[PDB]
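Step one of this worksheet: look at the structure below.
Protein chains: 4
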Amino acid sequence: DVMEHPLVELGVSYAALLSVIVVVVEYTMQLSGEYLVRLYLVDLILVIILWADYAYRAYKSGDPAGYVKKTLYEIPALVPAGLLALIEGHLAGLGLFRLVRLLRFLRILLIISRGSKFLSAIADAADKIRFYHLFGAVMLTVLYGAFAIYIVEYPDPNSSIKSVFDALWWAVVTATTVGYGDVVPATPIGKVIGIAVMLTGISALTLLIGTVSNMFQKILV
Amino acid sequence: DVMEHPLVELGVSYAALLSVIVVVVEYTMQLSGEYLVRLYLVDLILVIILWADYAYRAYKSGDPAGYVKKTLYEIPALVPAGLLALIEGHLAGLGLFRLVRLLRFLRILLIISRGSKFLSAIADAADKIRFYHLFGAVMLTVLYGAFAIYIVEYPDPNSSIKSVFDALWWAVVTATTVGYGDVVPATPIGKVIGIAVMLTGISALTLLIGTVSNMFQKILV
Amino acid sequence: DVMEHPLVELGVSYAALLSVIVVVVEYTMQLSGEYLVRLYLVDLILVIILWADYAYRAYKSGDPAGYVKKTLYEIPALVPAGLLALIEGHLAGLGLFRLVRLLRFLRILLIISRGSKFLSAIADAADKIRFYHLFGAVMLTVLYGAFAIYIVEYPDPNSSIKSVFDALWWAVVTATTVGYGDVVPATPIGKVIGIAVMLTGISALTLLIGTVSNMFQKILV
Amino acid sequence: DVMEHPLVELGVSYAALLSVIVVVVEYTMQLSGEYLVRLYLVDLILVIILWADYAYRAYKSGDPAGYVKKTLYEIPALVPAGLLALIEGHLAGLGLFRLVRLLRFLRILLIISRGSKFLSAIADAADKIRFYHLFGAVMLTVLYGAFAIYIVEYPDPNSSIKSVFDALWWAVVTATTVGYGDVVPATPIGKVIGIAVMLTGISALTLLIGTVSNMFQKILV
């Protein structure tokens, strides 16, 4: 009786995407420390989910020593930026330029690690059983991308989307292929996730068409 | 020869949704009394429909005493706010703070009552016979949501949609998935009903696709 | 070897719709006489098509005296406003108020006549043979509505669409369900024809879906 | 082992469309010489592809003397404007008005030549084997039109789209039938290619619907 429901690997893919989101977060412009470390808070939240999923990777014991070793390949993902940047500030208090460059290379390594973890999660999700389950899965991906746009922009200045729930607004707008126009990312990676959510609303529409053909052949009954 | 046509339970669902609309209406910002009591007028109009539907619930006689008793559960819905707020003003003339709080709790109870009545109407509509009847039913829901947006915004200030028929305009815009952009709720619950009308235009599109497959298999003939 | 191609009754429906357009034209605000009589020119153009179609109604001879009599019911349609308003100005030079009111009633009668002629043309088009012919017919209706929006707005002031080809632009925008937003009628009957073109682009989309199912069952081959 | 993959004739159609694009480029307003000759650079790039494709037309030898002769009909396409306009400037240094008119007629001839080459490439693409290959082909046409809008506007002033990747942005917007509204050609031939990309996103949607029916009949399995 553990986390193995379809919704489980759903949340798995979700957390992987969110780790990619944190990756995006790490490199950024010069930002306000308050919302910066707020993002850090959300990132530590996600590292908790990292703990959970990588725990489920093993059987909660160390006897899978081989996967433990492969976990070492992907434990850089589990490494938290909240701690990394703080130790960075400590070193700055010490005065270690080359060590700061070393930590930057470490940041890039963690980046690539979380990206590969994303690859893994997306593959396993692609190997899910029920394509009827897509009914939920799509909406799930949708609200996810909503949260993700929120992440990237809610602290981002001059976005005009600084309020929260409006994330859901513009999101469903997109998923519904509206384009009300008063709200849009207007930032490069914002528009990247825009590509994401656009193909997403596409897929949603497609699922709707599939449900249409379903209801057709069934109103035949 | 009574009200039992499919259009009847249609108007039933319609009135239930509109009661939810009035519920929304009750709590609001500080508003102009004129349009406020205009909303009250429309609400009394709807209470007339409440009278009609709850009359049809019984056989116009009191022998269904059990449903009469269950009507007592849902007669708070039939209670009019036009009268409630006026008796509230009377009590204010009297100076009864705690009694005003009591009437506020009464308002919340009426809220929940009308919500449950909505639940009932939506279930019974979900148990309707002809899914071909959806052809009309969708357009009906559409023009309804049009009227509802009108309700929430036509008196609402700075909406830029203060004119009437423009309700129909933005509505069909949505149902047609246009998003002309010059017109949008820009209010929280306005955007909520926006979610509503958006999934609604979605459903409309879906019905259109179903008609497409129909016309396809029939041009095969 | 006369005008009996499907494209013929196509242009028939087209001219009927355009007569309705002229009807719209007649009543209007106080307008610039130049573009006013330019509309009059286009209207006389259409009355030529009225001559053509009502000629085709008979066999170019008067032996169909009964349809000649029924043509008298619908010859008010053939009556030109270019001549009517000019005789109106003549009477104004004479000073005949009540006769001007009489001519206004005459205008209303011509209105209703052209409306019924529209009814006839639309019925006969509804009785067309090939629903494959819809492939063209839809695009035809589309470019028509384009021209019609042009009619109503190109002279209409402050529309921001005073340029010509932009009619085609906003039209295809609609038919493609774009809503670029920089261009919109912003006038009551403009938005009416907007409803028209919106359901039109809907129908276009539907035809596209039908072609989709066609190409599907044929790529099966 | 030569260029004969489906992607090959894909790039063929692509280069033909781009030659049409250069044709558009040639006649234009008075423009900044820097971006002007930048367009010239891209055009010489395309003339290299002209060399490649017309080489593949023969077997890299002159024994197909007949097609060599027909290549003479279409070698004006291979003629570069980068060289033509430069020789034009040389003649201007000489003072040869009538010869400049002659070169203008030559420009028109090259125009028509590249147009016919486009006709040829589009026909041969229409005779492609796999309509499953459309899955890629559509996206390919899409990103092409993206690049093309970029060509026509990125140097074009006051477009508000002077930045590069935003080409991809507005493109996918269109292909996804969004219309975010902050970005649009607002130029005549810009809107022409807009028609192009609009019917293109239409076709994309249609392909998506086909994939929908596919996934439907396969989830039946």
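Chains as they are written, first to last, in the working numbering: chain W, 161 to 381; chain B, 161 to 381; chain X, 161 to 381; chain G, 161 to 381. Here a beta-carbon is modelled for each residue, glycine too, at the ideal position from N, C-alpha and C.
Short CB-CB distance (under 8 Å) between residue i and chain G
{"i": "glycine 341 of chain B", "result": "yes"}
{"i": "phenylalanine 295 of chain W", "result": "no"}
{"i": "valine 372 of chain X", "result": "yes"}
Span of the alpha helix (DSSP H), counted from its first residue to its last, around residue i
{"i": "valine 338 of chain B", "result": "Unbroken run through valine 338 of chain B: none, as it is neither H nor E."}
{"i": "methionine 375 of chain X", "result": "348-379"}
{"i": "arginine 261 of chain W", "result": "257-286"}
{"i": "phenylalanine 295 of chain W", "result": "294-313"}
{"i": "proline 236 of chain G", "result": "225-238"}
{"i": "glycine 193 of chain W", "result": "193-217"}
{"i": "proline 345 of chain W", "result": "Looking at the DSSP string, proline 345 of chain W is not in any alpha helix (DSSP H), and its letter there is neither H nor E."}
{"i": "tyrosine 174 of chain B", "result": "166-186"}
{"i": "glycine 242 of chain G", "result": "241-254"}
Residue closest to residue i, alpha-carbon to alpha-carbon, out of the options
{"i": "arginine 267 of chain X", "options": "X:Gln190, X:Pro240, X:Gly361, X:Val207", "result": "X:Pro240"}
{"i": "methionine 189 of chain X", "options": "X:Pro315, X:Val381, X:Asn374", "result": "X:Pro315"}
{"i": "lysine 322 of chain W", "options": "W:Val332, W:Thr334, W:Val333, W:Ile309", "result": "W:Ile309"}
{"i": "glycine 361 of chain G", "options": "W:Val298, W:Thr337, W:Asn374", "result": "W:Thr337"}
{"i": "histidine 165 of chain B", "options": "B:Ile349, B:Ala285, B:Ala252, B:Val182", "result": "B:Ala285"}
{"i": "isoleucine 235 of chain X", "options": "X:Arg217, X:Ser221, X:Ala252, X:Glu248", "result": "X:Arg217"}
{"i": "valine 333 of chain B", "options": "X:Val207, X:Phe325, X:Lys351", "result": "X:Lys351"}
{"i": "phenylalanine 291 of chain B", "options": "B:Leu367, B:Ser221, B:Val182, B:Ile208", "result": "B:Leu367"}
{"i": "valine 182 of chain B", "options": "B:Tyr200, B:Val168, B:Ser363", "result": "B:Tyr200"}
is_contact[residue i, chain W] using C-beta, thresh 8 Å
{"i": "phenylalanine 376 of chain G", "result": "yes"}
{"i": "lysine 351 of chain B", "result": "yes"}
{"i": "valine 332 of chain G", "result": "yes"}
{"i": "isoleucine 309 of chain B", "result": "no"}
{"i": "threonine 347 of chain G", "result": "no"}
{"i": "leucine 177 of chain G", "result": "no"}
{"i": "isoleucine 362 of chain G", "result": "no"}
C-alpha gap between residue i and residue j, whole angstroms
{"i": "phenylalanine 295 of chain X", "j": "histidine 293 of chain G", "result": "25 Å"}
{"i": "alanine 176 of chain X", "j": "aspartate 213 of chain X", "result": "10 Å"}
{"i": "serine 192 of chain W", "j": "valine 202 of chain W", "result": "16 Å"}
{"i": "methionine 163 of chain W", "j": "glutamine 377 of chain W", "result": "36 Å"}
{"i": "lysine 229 of chain B", "j": "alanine 215 of chain B", "result": "14 Å"}
{"i": "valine 260 of chain B", "j": "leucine 204 of chain B", "result": "22 Å"}
{"i": "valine 343 of chain X", "j": "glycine 341 of chain G", "result": "10 Å"}
{"i": "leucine 246 of chain B", "j": "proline 317 of chain B", "result": "24 Å"}
{"i": "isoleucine 369 of chain W", "j": "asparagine 374 of chain G", "result": "12 Å"}
{"i": "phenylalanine 278 of chain G", "j": "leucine 270 of chain W", "result": "49 Å"}
{"i": "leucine 170 of chain G", "j": "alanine 297 of chain G", "result": "7 Å"}
{"i": "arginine 258 of chain G", "j": "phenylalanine 265 of chain G", "result": "11 Å"}
{"i": "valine 172 of chain X", "j": "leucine 206 of chain X", "result": "11 Å"}
{"i": "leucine 251 of chain W", "j": "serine 276 of chain W", "result": "29 Å"}
{"i": "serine 319 of chain B", "j": "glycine 354 of chain W", "result": "28 Å"}
{"i": "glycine 339 of chain X", "j": "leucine 256 of chain X", "result": "49 Å"}
Exposed unless 16 or more other CB atoms sit within 10 angstroms - verdict on residue i
{"i": "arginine 198 of chain G", "result": "exposed"}
{"i": "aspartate 223 of chain G", "result": "exposed"}
{"i": "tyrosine 233 of chain B", "result": "exposed"}
{"i": "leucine 210 of chain X", "result": "buried"}
{"i": "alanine 225 of chain B", "result": "exposed"}
{"i": "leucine 254 of chain G", "result": "exposed"}
{"i": "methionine 299 of chain W", "result": "exposed"}
{"i": "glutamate 194 of chain B", "result": "exposed"}
{"i": "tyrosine 304 of chain G", "result": "buried"}
{"i": "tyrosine 187 of chain W", "result": "exposed"}
{"i": "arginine 274 of chain W", "result": "buried"}
{"i": "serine 179 of chain W", "result": "buried"}
{"i": "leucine 365 of chain W", "result": "buried"}
{"i": "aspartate 287 of chain B", "result": "exposed"}
{"i": "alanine 283 of chain W", "result": "exposed"}
{"i": "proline 345 of chain B", "result": "buried"}
Within-8 Å CB hit, residue i to chain C
{"i": "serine 192 of chain X", "result": "No chain C is present in this structure, whose protein chains are W, B, X and G."}
Minimum Cβ-Cβ distance from residue i to chain X less than 8 Å
{"i": "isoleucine 268 of chain B", "result": "no"}
Contact with chain B by residue i, beta-carbon distance below 8 Å
{"i": "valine 302 of chain W", "result": "no"}
{"i": "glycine 305 of chain X", "result": "no"}
{"i": "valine 298 of chain X", "result": "no"}
Any non-hydrogen atom of the ligand PLP closer than 7 Å to residue i Cβ
{"i": "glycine 350 of chain B", "result": "As far as ligands go, the structure on display features none, and thus does not contain the ligand PLP."}
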